[PDB]
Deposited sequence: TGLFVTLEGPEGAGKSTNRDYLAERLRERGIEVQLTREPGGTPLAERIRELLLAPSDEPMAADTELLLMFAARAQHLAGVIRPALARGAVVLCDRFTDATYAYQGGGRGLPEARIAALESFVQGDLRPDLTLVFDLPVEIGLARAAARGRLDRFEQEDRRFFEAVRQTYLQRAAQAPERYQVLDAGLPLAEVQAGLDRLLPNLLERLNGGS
């Protein structure tokens, strides 16, 4: 199967992409992180709540990876195994962007967890939906949404940087464009997928 993740700055396209695949006789598994199983979604809710006790940064990183571990076991690996295209909303790039760029944790700490949790499993293709920080935010606020501008700017820039450095694994789309244009960019990227598959 094929492991596709969708990323971008904080703030529809996925449904269009899935139906293009389904039309073409492909099984599609839609999912999201942190999340995607009952336990993982319990971890989600602890991560996103604007709780009176500030969550330590290492706690936040560990919980993102603990939800990822569960989801990989229960959802992602099984789907890949039966030949599904997984379209996962956010994955370890978001960890690099949010926890590394935004929060300031060392890229090295994230890399060591990525390897521990995932083995050699990486996304086959990562779609980065790029747009200006304040547009994204416009699209109640969770703990990450309540963040300051530099945090979001560092998120945006981390995604562009990671894509620049491994261009074969990433496509960056302009997500600020009108919807019809964004869908056309999705249609333009399908031949490559039918082919990685």
Deposited sequence versus model: which ranges have no CA atoms? 1, 13 to 16, 145 to 149, 208 to 211
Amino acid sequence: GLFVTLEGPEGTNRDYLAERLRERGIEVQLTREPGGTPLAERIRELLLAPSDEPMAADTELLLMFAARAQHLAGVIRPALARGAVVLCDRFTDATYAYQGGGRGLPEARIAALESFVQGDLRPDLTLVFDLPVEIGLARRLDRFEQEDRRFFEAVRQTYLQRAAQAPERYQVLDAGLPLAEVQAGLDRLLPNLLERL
From here on, numbers count along this sequence of modelled residues.
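The term rigid core refers to the most C-alpha atoms you can superpose between the two forms while keeping them within 1.5 Å.
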Find the stretch among 51 to 59 and 38 to 46 with the larger RMS C-alpha deviation in 6 other deposited structures of this protein, all structures being superposed on the shown form by the rigid core. 51 to 59
Fitting on the core, do the C-alphas of 143 to 151 or of 26 to 34 deviate more in 6 other deposited structures of this protein? 143 to 151
Please establish whether a third or more of the other compared PDB entries omit coordinates for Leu137. yes
Once average C-alpha B-factors are taken from the entry for 129 to 137 and 149 to 157, the winner is 129 to 137
As stated in the PDB record, which stretch has the larger average Cα B-factor, 88 to 96 or 73 to 81? 73 to 81
Can you tell me which of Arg143, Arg32, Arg42, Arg68 has the maximum CA B-factor listed in the PDB entry? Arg143
Please rank the C-alpha B-factors of the chain's modelled residues and tell me whether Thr59 sits in the lowest, middle or highest third. lowest
Taking only the Cα B-factors deposited for this chain, tell me whether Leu6 sits in the lowest, middle or highest third. lowest
Consider only the C-alpha atoms of the modelled residues in this chain, order them by B-factor as the entry records it, and name the third containing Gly36: lowest, middle or highest. lowest
Taking the entry's C-alpha B-factors for this chain, is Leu21 in the lowest, middle or highest third? middle
